[PDB]
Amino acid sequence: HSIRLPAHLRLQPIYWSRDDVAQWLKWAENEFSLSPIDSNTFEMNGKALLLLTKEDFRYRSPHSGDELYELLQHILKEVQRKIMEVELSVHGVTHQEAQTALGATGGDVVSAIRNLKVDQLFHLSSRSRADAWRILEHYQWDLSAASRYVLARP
């Protein structure tokens, strides 16, 4: 399924700040019934957190370090799957552009795919975003059909 990541912490862990890690620890504690963890530990940004081993987590939380490490791995695996889904619907998007698109939608795959297609169709005419969104929405997000419609009615 999908983990209910916190709205403030919906950003990719690579872009997590010191405050984003602490907000993740407090959320993980109440959500998965983990042992109380001192926020004095893990005083690091998301870049240093993803370079920690399970033994390093275990040092900072002897009772919940193993579970914290496994939660971070589940979160990273979900992101890559979301990035893979964006690439399947929008051919040619790079791995970085797909990650930037997901972050602009709060991690929503469907909205990210729609935003990427609207951006391509928006350039094809002087129609507003709502018009480009309406056109794509009618054609069930088939960019090729929406493009032919826009090119046939400039």
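Note that residue numbering begins at 1 and tracks the sequence as displayed.
As listed in the deposited structure, the average C-alpha B-factor of 31-39 and of 103-111 is greater for 31-39.
Mean CA B-factor, 18-26 versus 5-13: the higher value falls on 5-13. For the set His95, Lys47, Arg129, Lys117, the maximum C-alpha B-factor listed in the entry falls on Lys47. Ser89: CA B factor lies in the lowest third for its chain, per the PDB record.
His63: CA B factor in the middle third of modelled residues in this chain (values from the PDB entry).
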